[PDB]
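A.B. asks: Chains as they are written, first to last, in the deposited numbering: chain A, 1 to 367; chain B, 1 to 367; chain C, 1 to 367; chain D, 1 to 367.
There are 4 protein chains.
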Amino acid sequence: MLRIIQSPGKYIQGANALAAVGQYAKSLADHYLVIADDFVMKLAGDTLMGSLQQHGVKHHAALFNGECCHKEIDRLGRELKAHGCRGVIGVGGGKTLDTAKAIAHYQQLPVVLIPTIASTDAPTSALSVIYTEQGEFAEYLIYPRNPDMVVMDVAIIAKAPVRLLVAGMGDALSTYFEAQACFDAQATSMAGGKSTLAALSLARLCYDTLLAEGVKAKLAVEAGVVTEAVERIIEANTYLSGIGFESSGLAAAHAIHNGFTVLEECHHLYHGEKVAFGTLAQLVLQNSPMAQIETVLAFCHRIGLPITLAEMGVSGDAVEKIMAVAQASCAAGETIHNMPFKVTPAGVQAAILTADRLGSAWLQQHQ
Amino acid sequence: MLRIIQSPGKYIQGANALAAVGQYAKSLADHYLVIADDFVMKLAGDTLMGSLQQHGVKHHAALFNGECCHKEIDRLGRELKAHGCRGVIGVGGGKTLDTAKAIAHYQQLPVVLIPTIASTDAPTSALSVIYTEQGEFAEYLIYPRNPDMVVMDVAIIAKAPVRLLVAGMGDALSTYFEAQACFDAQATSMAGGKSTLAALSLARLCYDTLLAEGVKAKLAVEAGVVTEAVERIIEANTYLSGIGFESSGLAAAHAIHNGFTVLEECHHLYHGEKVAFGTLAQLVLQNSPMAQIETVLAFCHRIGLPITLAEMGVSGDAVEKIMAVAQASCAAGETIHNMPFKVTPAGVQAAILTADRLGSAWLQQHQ
Amino acid sequence: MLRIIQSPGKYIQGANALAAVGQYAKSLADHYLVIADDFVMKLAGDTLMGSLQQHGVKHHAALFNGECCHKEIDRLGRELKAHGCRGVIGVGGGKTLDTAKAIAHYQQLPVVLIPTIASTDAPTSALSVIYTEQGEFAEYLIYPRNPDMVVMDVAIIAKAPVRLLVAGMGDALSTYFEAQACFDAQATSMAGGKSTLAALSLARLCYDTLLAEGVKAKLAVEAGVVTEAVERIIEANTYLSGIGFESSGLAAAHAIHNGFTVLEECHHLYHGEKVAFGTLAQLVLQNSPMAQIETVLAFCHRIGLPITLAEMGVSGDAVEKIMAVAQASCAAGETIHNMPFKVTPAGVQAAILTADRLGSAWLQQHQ
Amino acid sequence: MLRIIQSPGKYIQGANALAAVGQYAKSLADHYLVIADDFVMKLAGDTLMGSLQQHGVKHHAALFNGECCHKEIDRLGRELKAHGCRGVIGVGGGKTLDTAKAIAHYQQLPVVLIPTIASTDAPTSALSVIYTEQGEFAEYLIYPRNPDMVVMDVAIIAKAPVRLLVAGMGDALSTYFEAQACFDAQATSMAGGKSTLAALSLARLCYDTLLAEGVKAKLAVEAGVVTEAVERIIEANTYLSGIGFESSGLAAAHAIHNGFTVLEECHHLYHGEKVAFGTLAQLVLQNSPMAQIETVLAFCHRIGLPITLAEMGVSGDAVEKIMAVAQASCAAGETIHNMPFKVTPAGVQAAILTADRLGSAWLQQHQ
Ligand code: NA
Ligand code: NA
Ligand code: NA
Ligand code: NA
Ligand SMILES: [Zn+2]
Ligand SMILES: [Zn+2]
Ligand SMILES: [Zn+2]
Ligand SMILES: [Zn+2]
Ligand SMILES: [Zn+2]
Ligand SMILES: [Zn+2]
Ligand SMILES: [Zn+2]
Ligand SMILES: [Zn+2]
């Protein structure tokens, strides 16, 4: 009944954006804790601190210990309080960013996120995904506000391994299908209402950008460079997908992703790789026409995303393992109930096992 | 001049429908003879009797001796009379179902049919096909009413061998072409009049569902599971095709099927396999454009239906054998005279021999 | 411990041999019952009776009623006794030939067999295979002597459908592998002893002739003509294979063939088609090297013999059905115990299921 | 200067061996601690305890907590002492087996290992591989004696996912090349001397069995069954490879495997998958001829082992990451110095980067 859209205050993207972070950060605060692991500090630290200094922004670097846990969060909280910082900057990968969101939340301060990879649509969202230590989906943890600012330095991203860009396209790939399923069901998004037209359209624009630009961008990043295609994909993997999923909705593909986290065989594939397959399984679950399945199979195969259980490490008589995936995907509270029809574990198992068969037949025709 | 459509009273389909048969059967009678062979009783007996018991429906199981013959029919009639049953349930394959229709006819009682395979469109019809003992088409035997109720448990069907689903798609495949040929000829259907718009449209919907869903359903059933595609094909093979053929019309493809029953080389292929080829031959007989022939050849090849005489077991100098097929297909009273043009044995022989050549050339291009 | 080889007295082959049958038949008797069904009498009757008349051989035609049953046998016995015939001629297919062997056995008279097809290696042997009426292997029935004379008219055979020649090559294909397995096991043949060197060498010569001549012969028979390649294959399918199997030995392939007779899905494929697949399964059972499996797969695929369960009509979850095949193939008294190692139902099931997989992978590479 | 070969006392293999474990275990002790995790107890527990009971062998089950750590080892030690057990049985995967070896070592008792998968050649060896918690190779830990007995139930193994059999073939694949390199260098094995002729020949027999039987076995295990090919591969992955590597020698491939453990991108691939690629890199390092590289590439591609960095999860500008792999592979004490020539990090980096290119070119020709 209410339609709600939420968003980070400002999203900034472009080549060498890191060198301009000080103008934008200054507008929120004149003193920041900078959370980054050591690899990221060596990569990005001199440019960032340089930018901050140049705009009269004070900064204390803090070494992040790799994991997003209450201990590290409480620790970084105390450190912040002791130097008197009035803002948090997170720089690097997902665990660094999720940690910076939490620090800023508990200290009630503004946060600037600087992803150094574009492999998931997490950065813009008022969200963190908690797993167990064994790698098994635990909970969506939801903040009451979005990050203030998200800064995407495309030059940095295009030097990161192409596999991480592909995984982000895999995560982005589900956005349209989950958003349109929710929209059809009149389901409530994580923003707390029905989807706006805006959030659905951004989600569709995500899918359409991936199809137009995904191969061109992959080729550029394999060469280590930024073209306009790369700029478009980075927007698609980050802003379009991030607003689409948070303000428009999650459904079967992410629930199926969560369900796959109960199998050890997958546990090291990247989130977006698994979500791509979960999207395929969603297509079978909702009975998408063959032309649309073909389009998705050709896209995933062309950029290197998995289209069979074997490419996810799963072989043999996986009947029981996929029934376990299916039960977990259908747990109370999971997003798969946002589909515009009733879903059961047996239906999910069917969709998975069948998607595997579709992708295996597609591989045999090679194209 | 009159348009007539007839139908079973109720058609019910879905996963685990067998477990709900008691509510629906109760509405017609509170006491049933259950006709099933031993394999089917072992497969389905506990679920069915369980359902019946749970709704206060009384039941006597009777072991079916495999064949639909007057002896078995008269026998099962006497047995029914002796326990006082007020309804018949047929469960299993075609011969079991055809037997239950006859028992219910002679005893004038309501009948519930529970097909455990979806390999022909017989179940809904007021009809049985009589062969000789040598396997040669004898007659259409026509009842004055349709079965009261037809129950399709999709979970059971999806565990049956994929070859039986394919054969049902083969039988369903002819439905549109025969119905539209009859419609064009203003021919009289087995329902006794000209076709309604309804029966023709269901027949077209049959063809269109096969093209959209046939491969997807085949893949799911190869995995042993039910998806929405499987639900659609089962409806297509059963209800759409059954109403289409009975109330819209048969024409060349089924007459050609009947004609093939004079050759020993074919006699063990499934009905729908032969009907698929008979459909191809119908396309040549009525001079369908090449694009439509291509579509059908690609469909049959993609799901595993025969497109040449050699795939039907026929080789060598089959000139004389196909002339025998052609004479038999053109016998007085056969459905091939429902074509909107004059058909002769020589024309039928021509269409068969030519269809074989089309399918052999298609195989050489592989696609 | 004893080595024994047995043989028909004389085997005669060549184009238009039917027209010379009188010289050879005269040497055994001057008066024959001629057993042939009506189709065969119309095809071959005038040439045969012509030949017999021309050499002063008396003859009474008797119409064979299609089946090899004690009734028909006892009947034809009485008829023979009443005209005073001193010899039997069988002309046509396997059931006609098996009937003539029995008539000659019970009446203790000489028999001339004239096969009009070369689709099995039965004709030369002191044997008949009894099935049930449901098509299920019953028993080997063994006579105490071989037919006196076997006459192969190659012109007649080359006008018969190519599929029957292929099926005979399929039956012949097993001969070497079964003979060499028996030889290795020191197993006793149906001739009652260990194999001679002669019977084993004929069996090997069978395999080697099929590989050299099989495609060339198939091409000629597709054109309806006799070349030297066709003459060689007919000898291979008839004399080489017949002596090889009777005097050298049967083993897994024929036991597996027998086991497949418990499935309805196969029951109409020709004997040699099934035996070809049973040969493949034997290769897996005895762990033949991949190069030898490849050779056989390429031969069967090149001439049109089945290399998968699906080409034998078997699909879906055939785990239980193949366990039934395997149990039946291992029954007490079956030939599979002639293998040079211990065989169990589980091993046979394994070999079958694995052979199917080999042949399916071969089909995917097309070659 | 001394040649030394060591071995488990007895290696036993075959279908349903688990049901015969009691006769063999009884010969070493009449009372065992049985170490198995819960999944394995549910799978194998009733058969094993059944066998033990039937031969008068006493047994206390102990639940293994998944990890091979001193804590779990010391714990299981105390438990053993308290019930008075005179032997240890390990049943399941590598961590369970490595734990049972340690328990038996510290308690100085006999040990029976029952692997339920054939994915590495660890079981027969007097060895455990210690990693860090971050998954990074730590040390070879060496016991002074081999396990007393190793029991391979082939029926159990053939029901395990095919991917685990493939990974064991990947581990086995390196055995010949590392053994022959050591032999050539006159390097000292983990058994403490120069290689015997016996250990080298078993290693070669390993390679030759993989090439003859690997595809056939893979096909059988995909069907869930045991053929002779599967029996041969299980021997190859377990006994042949285990003696080959321990008593003949490790060299570049396993050192390169260890070096890859410093990258997160690989950390979840199975040991044998990584070792297969490390074998390829060894081929380039020692300049194997192209025909031998082709043979290995075709084998790995045909069974599903990785032949490029991308199939190991590594993409982009991996120059620095592969230099890190190369440094770690060349650490003091690593097995790569067993090569018959001087190896440097730069040479290893070269071999890796070049192997990737070979495998990528091979993929482009598809074959
Ligand atoms: Na998404
Ligand atoms: Na129809
Ligand atoms: Na034979
Ligand atoms: Na090894
Ligand atoms: Zn500060
Ligand atoms: Zn995601
Ligand atoms: Zn009753
Ligand atoms: Zn039909
Ligand atoms: Zn006579
Ligand atoms: Zn035979
Ligand atoms: Zn104890
Ligand atoms: Zn290893």
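In this text, a Cβ means the ideal position worked out from N, Cα and C, and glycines have one as well.
If you measure between the beta carbons of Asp148/C and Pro110/C, is that distance less than 9 Å?
C.D. replies: Yes, the Cβ-Cβ distance between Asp148/C and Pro110/C is below 9 Å.
A.B. asks: What I want to know is whether the C-beta of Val275/D ends up closer than 8 Å to one or more non-hydrogen atoms of ligand 4.
C.D. replies: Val275/D: yes, Cβ under 8 Å from ligand 4.
A.B. asks: Does the distance from the C-beta atom of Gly359/B to that of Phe299/B stay below 9 Å?
C.D. replies: Not in contact: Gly359/B and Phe299/B (Cβ atoms no closer than 9 Å).
A.B. asks: Return yes when the Cβ of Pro8/B is within less than 9 Å of the Cβ of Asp184/B, no when it is not.
C.D. replies: No; because the gap between Cβ atoms is not below 9 Å, this pair is not in contact.
A.B. asks: Less than 9 Å between the beta carbons of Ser125/C and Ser189/C, yes or no?
C.D. replies: Contact flag unset, no.
A.B. asks: Under 9 Å, do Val151/D and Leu202/D count as touching if we go by C-beta distance?
C.D. replies: The answer is no: Cβ separation not under 9 Å.
A.B. asks: Is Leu269/A close to chain D, meaning its C-beta is less than 9 Å from at least one C-beta of that chain?
C.D. replies: Closer than 9 Å to some Cβ of chain D, the Cβ of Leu269/A qualifies, so yes.
A.B. asks: Rounding to the nearest angstrom, what Cα-Cα distance links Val129/A and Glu139/A in this structure?
C.D. replies: Cα-Cα distance, rounded: 6 Å.
A.B. asks: For the region 341 to 366 of chain D, which residues have a CB atom closer than 8 Å to at least one CB atom of chain F, in sequence order?
C.D. replies: As a matter of chain content, chain F is missing from the structure shown, whose protein chains are A, B, C and D.
A.B. asks: Of the residues that make up the region 220 to 245 of chain D, which ones have a beta carbon closer than 7 Å to any beta carbon in chain C?
C.D. replies: Here the close residues are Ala220, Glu222, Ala223, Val225, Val226, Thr227, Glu228 and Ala229.
A.B. asks: What does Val325/C reach in chain D if we use C-beta pairs closer than 8 Å?
C.D. replies: Result: empty, since nearest Cβ-Cβ is about 13 Å, beyond 8 Å.
A.B. asks: Can you tell me whether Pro115/A is buried or exposed? The criterion is at least 16 other CB atoms within 10 Å of its CB, across all chains shown.
C.D. replies: With 16 or more other Cβ atoms within 10 Å, it is buried.
A.B. asks: Kindly confirm or deny that the region 269 to 281 of chain A and the region 31 to 48 of chain A touch, where touching means at least three C-beta pairs closer than 8 Å.
C.D. replies: The answer is no - the region 31 to 48 of chain A does not touch the region 269 to 281 of chain A, with fewer than three Cβ pairs under 8 Å.
A.B. asks: Can we say the region 349 to 364 of chain D touches the region 303 to 315 of chain D, given the rule of at least three CB pairs closer than 8 Å?
C.D. replies: Yes, the region 349 to 364 of chain D is in contact with the region 303 to 315 of chain D.
A.B. asks: Going by the DSSP bridge assignment, what does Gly90/D pair with across the sheet?
C.D. replies: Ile35/D and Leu113/D, per the DSSP bridge assignment.
A.B. asks: Tell me whether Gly272/A counts as near ligand 6, meaning its Cβ is closer than 8 Å to at least one heavy atom of that ligand.
C.D. replies: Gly272/A: yes, Cβ under 8 Å from ligand 6.
A.B. asks: Which residues in chain D have a C-beta closer than 8 Å to the C-beta of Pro161/C? List them in chain order.
C.D. replies: Chain D residues near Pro161/C: none, gap ~34 Å exceeds 8 Å.
A.B. asks: Between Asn338/B and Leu250/B, which are expected to be in contact by the criterion C-beta below 8 Å, what is the C-beta distance as a whole number of angstroms?
C.D. replies: Rounded, the Cβ-Cβ distance is 7 Å, consistent with contact.
A.B. asks: Which full runs of the beta strand (DSSP E) of 3+ residues lie inside the region 37 to 81 of chain A, going along the chain?
C.D. replies: Segments of the beta strand (DSSP E) lying fully in the region 37 to 81 of chain A: 58 to 63.
A.B. asks: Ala212/B touches chain A at which residues, Cβ-Cβ below 9 Å?
C.D. replies: Residues of chain A passing the Cβ test: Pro289 and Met290.
A.B. asks: Measure how close the beta-carbons of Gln349/D and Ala326/D come, nearest whole angstrom, since I'm counting them as under 8 Å.
C.D. replies: Between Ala326/D and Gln349/D the Cβ distance is about 4 Å, and since that is below 8 Å, they are a contact.
A.B. asks: Expressed to the nearest angstrom, what Euclidean distance is found between the alpha-carbon atoms of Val314/B and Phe260/B?
C.D. replies: Between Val314/B and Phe260/B, the C-alpha separation is close to 10 Å.
A.B. asks: What do you get for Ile156/C, buried or exposed, if any count of 16 or more other CB atoms within 10 angstroms of its CB means buried?
C.D. replies: Classification for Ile156/C: buried.
A.B. asks: Tell me which residue opens and which closes the beta strand (DSSP E) that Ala351/B is part of.
C.D. replies: It is not in any beta strand (DSSP E) - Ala351/B instead sits in the alpha helix (DSSP H) that spans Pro345 to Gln365.
A.B. asks: Three-state secondary structure (DSSP) at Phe341/D?
C.D. replies: If DSSP states are grouped into helix, strand and coil, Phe341/D belongs with coil.
A.B. asks: Can you tell me whether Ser128/D is helix, strand or coil according to DSSP?
C.D. replies: Strand at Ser128/D.
A.B. asks: When the Cα of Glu265/B is compared with those of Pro289/C, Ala191/C and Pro161/C, which residue comes out closest?
C.D. replies: Minimum Cα distance to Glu265/B is reached at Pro161/C.
A.B. asks: Please list the partners that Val284/C has in chain D, where partner means a Cβ-to-Cβ separation under 7 Å.
C.D. replies: What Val284/C touches in chain D: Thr227.
A.B. asks: Got a sec? Which residues, its chain only, sit under 6 Å from residue 369/D by beta carbon, not counting five neighbours each side?
C.D. replies: Because chain D spans 1 through 367 in this model, residue 369/D falls outside it and cannot be assessed.
A.B. asks: I'd like the span of the beta strand (DSSP E) that includes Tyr11/B, first residue to last.
C.D. replies: Run containing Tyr11/B: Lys10 to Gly14, per the beta strand (DSSP E) assignment.
A.B. asks: Buried or exposed for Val319/D, going by 16 or more other Cβ atoms inside 10 Å?
C.D. replies: Flag for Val319/D reads exposed.
A.B. asks: Using DSSP bridges, identify the partner residues of residue 395/C.
C.D. replies: Limits of chain C in this structure are 1 at one end and 367 at the other, which puts residue 395/C out of reach.
A.B. asks: Determine the burial state of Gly90/C: buried for a count of at least 16 other Cβ atoms within 10 Å of its Cβ, exposed for fewer.
C.D. replies: Buried, by the Cβ-count rule.
A.B. asks: Is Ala126/D near ligand 12, with its Cβ less than 8 Å from a heavy atom?
C.D. replies: Checking every heavy atom of ligand 12 against the Cβ of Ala126/D, none is found closer than 8 Å.
A.B. asks: Which residues mark the beginning and the end of the alpha helix (DSSP H) in which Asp171/D is found?
C.D. replies: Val162 to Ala185 is the span of the alpha helix (DSSP H), which, as asked, contains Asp171/D.
A.B. asks: Does at least one heavy atom of ligand 12 sit under 8 Å from the Cβ of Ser174/D?
C.D. replies: Yes - ligand 12 has a heavy atom lying nearer than 8 Å to the Cβ of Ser174/D.
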